[PDB]
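Read the single chain below, which is given as structure tokens and is the form deposited in one PDB entry.
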């Protein structure tokens, strides 16, 4: 069997380490090594890709399966000469639970005025800040897939009122849900918006001034909050800045940005009640991805269906 082509432009040291023992039955070709840049890899069957080279499918034109290095596949969709073959994304219990850690933490920090507590602490000021309890606040989760459903369940346990939005209607016990055409209804009920959407043409430039002005205004936190850990190109950052400055948004938590790393001169870094994390909301341990690809290759090759295959028509 030919080696697995690996073009993963994150944590190159971690990738190099794991590849020493990964795909033991065939080996790998790591495009992080500049010497592999011009290699003849025309017989490659499997490629593992994160922000891959734009010409990758010219250079590997006989692929059987494409594996994403993440849960998102927007870096692969739209590539030139993308073959009509399965694209398998990364879905993993550890990834999922880490995203829910981040979501719940951010929701609690907004509920409990972490920003204000930290500001007072820095000034050595003792100031009790009256917080509503979680049940007085509605968290609206946009995206009810692997990540969204886990976050919904854990937010509910913490005591938040939770509602959900997704493309097609969902049934989730104890959680009012809304489909694509019911976006405005959902927004009107939401105090804390949590974004867990994939990036598609339908979700690009989606979180804008008009949407922020539809969020609930007379809620227990006073002003609504925007949280996004999906994709940065789903939001309009200039609109986030203006909304926070104006009081349309009371605050935000952002793990993802229109261009990453977030530019040093962005106003977002020092906005009051805004939390920034550097696209690290759900970083699953380096080996879990590779064990996952190995498993799917094994299933594929012995006649079991591939799992976590994206819907090409839907684009995720």
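Numbering follows the first chain given and starts at 1. Under this definition, the rigid core comprises the largest set of C-alpha atoms superposing within 1.5 Å between the forms.
Heads up, the form deposited in another entry isn't pictured, but that's what we're talking about next.
> Superposing on the rigid core, which residue among 266, 248, 273, 30 shifts its Cα by at least 2 Å between this form and the one not shown?
It is 30; the other listed residues stay below 2 Å.
> Does superposing the core leave residue 15 with a CA shift of 2 Å or more between this form and the one not shown?
Where the cores coincide, residue 15 still shows a C-alpha shift between this form and the one not shown that is 2 Å or more.
> Core superposed first: is there a CA shift of 2 Å or greater at residue 41 between this form and the one not shown?
Passes the 2 Å threshold, so yes.
> Tell me, please, whether between this form and the one not shown the C-alpha of residue 257 is shifted by 2 Å or more, with the rigid core used for superposition.
No, the C-alpha moves less than 2 Å.
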